[PDB]
Amino acid sequence: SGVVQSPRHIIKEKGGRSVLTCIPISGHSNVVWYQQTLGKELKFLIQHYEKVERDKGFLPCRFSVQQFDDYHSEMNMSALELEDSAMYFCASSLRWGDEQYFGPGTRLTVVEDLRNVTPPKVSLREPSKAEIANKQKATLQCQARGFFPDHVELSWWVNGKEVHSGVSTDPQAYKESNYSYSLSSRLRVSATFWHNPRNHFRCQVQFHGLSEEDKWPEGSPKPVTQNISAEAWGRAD
Amino acid sequence: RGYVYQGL
Amino acid sequence: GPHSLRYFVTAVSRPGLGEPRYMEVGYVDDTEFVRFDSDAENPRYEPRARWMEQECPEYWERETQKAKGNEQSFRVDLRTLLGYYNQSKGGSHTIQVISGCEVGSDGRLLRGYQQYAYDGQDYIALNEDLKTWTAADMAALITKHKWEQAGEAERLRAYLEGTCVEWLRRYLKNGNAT
């Protein structure tokens, strides 16, 4: 019932190549590819109506797209450069000019060296004893650092349930070094809630790393896609 | 070149 | 803007006595260099400058196909705006669209524009931010809504920022004396 895009996240070495694919809504005949760079913007790339190109702009000659018999279109991307690291969206209107329906988008990051890909390090620190005594409002800081590239999605899980109320994750990852980023998020909890030793707090960080197809030189574990979390229980004092 | 005008 | 490339699009409607006279005219800087005209015995994109006379032969087929598509697209709009404004089906009308980009000495886009006009009065236009529309009346609010749900702003922006500048840079190279 919605536009499907795959894959959601890929890490490719500079000069490599990978294909992005997009399944439009059934019956839709107008597909259009948009690219959005890391700096907030939206760039029109290509428009294909009824299996043929209709309008083109900003689409490099290195990229080639084409519709198929089932109207699904794929984007061939070759000779990848670091500047190609961006998010690629796929809208599919029924007819040209009709309301378009976007897809989830594909997060492509082109890296110089695949060895620099490294999973994060997640650790959360309990609220300060000073603040809880004065404000009765505990703040739980979570620190995920040492990862590359910027393919993390942090979420909070209290009592086994994902919660959006009270959390305040940093908007962007802060790059510490050339090949290591760091993200911080803090969840506020009332002192009476945090002081209950029965409440389980968990800050998980989903990391989208190398694919299985991508070869890995041994001597170290492959930085495959994975979510690691640091948990802590409520404390009473 | 000229724009590919579509419906309005 | 030392160098600009514009396009004037006119779709004069005649309800009876035939079909709408449709034609496109372009000006590198302020000199006309290409032209289309529906009311020709065998209409084709024709050059109006010596430097355009030598252009690629496949270029003329690419643009002539595009015009006939725009001709059919504007034929539907003429009918649509009779339904928007609740106008009679037997009155002559005119849609004027001017599209163009002017670039400075540095070769980067100074300002891009696209001004629609129905029967002399401004209808809709693309703002200076190249992302938002500015509609002039209630019906233009309907068209503005369509282009927003359709994503026309991103498509048109990519034309003025990209396609228009590259081909203007290409036209000026042809234009200089061989």
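Residues numbered from 1 in each chain as written, not as in the entry; some residues may be left out. Chains lettered and ligands numbered in written order. Heavy atoms only, no water.

1. Concerning the sheet that holds strand 7 (residues 121-126) of chain C
Residues and elements named next belong to chain C.
Here is step 1 of the chain: With antiparallel pairing, 8 strands are arranged side by side in an open sheet as 4-3-2-1-5-6-7-8. Edge positions in the open sheet fall to strand 4 (46-47) and strand 8 (133-135), since each of these has one partner strand only.
Here is step 2 of the chain: Here strand 7 runs beside strand 8; their pairing, made up of 3 bridges, is antiparallel. Looking at the pairing, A125 lines up with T134 of strand 8.
Here is step 3 of the chain: Relative to strand 7, helix 3 (residues 138-150) is tilted by about 20°, and along the sheet it contacts strand 6 (109-118), strand 7 and strand 8. (Pairing = 2+ DSSP bridges. Helix = DSSP H or I, 4+ residues; strand = E, 2+ residues; numbered from the N terminus. Contact = heavy atoms within 4.5 Å. Axes fitted to C-alpha atoms, helices over the stretch in contact; angles between N-to-C directions.)

2. With respect to the state of the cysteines
What is meant by a disulfide is a covalent connection between two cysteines, made through their sulfur atoms.
Here is step 1 of the chain: Per the stated rule, a full pass over the model turns up 3 disulfides over all chains.
Here is step 2 of the chain: Across a sulfur-sulfur distance of 2.0 Å, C142 of chain A and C203 of chain A are joined as a disulfide pair. The chirality of the disulfide connecting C142 of chain A with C203 of chain A is left-handed, given an S-S dihedral of about -80°. With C142 of chain A in strand 12 (residues 137-147) and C203 of chain A in strand 18 (residues 200-207), this pair connects stretches of sequence that are 61 residues apart. For the pair shown, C142 of chain A and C203 of chain A are each scored as buried.
Here is step 3 of the chain: Bridging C101 of chain C to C164 of chain C, the disulfide has an S-S length of 2.0 Å. Its S-S torsion of approximately -95° makes the covalent link between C101 of chain C and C164 of chain C left-handed. Taken together, the residues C101 of chain C in strand 5 (residues 95-103) and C164 of chain C in helix 4 (residues 152-175) connect sequence positions 63 residues apart.
Here is step 4 of the chain: We classify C164 of chain C as buried; its relative accessible area is 0%.
Here is step 5 of the chain: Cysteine pairing in chain A follows 1-2, 3-4, where each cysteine in a disulfide is numbered by its order in the sequence.
Here is step 6 of the chain: Looking at the unpaired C61 of chain A, the closest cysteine sulfur is the one in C56 of chain C, lying at 15 Å. (Disulfide = S-S within 2.5 Å. Buried < 20%, exposed > 50% of the residue type's maximum accessible area, 1.4 Å probe, protein only.)

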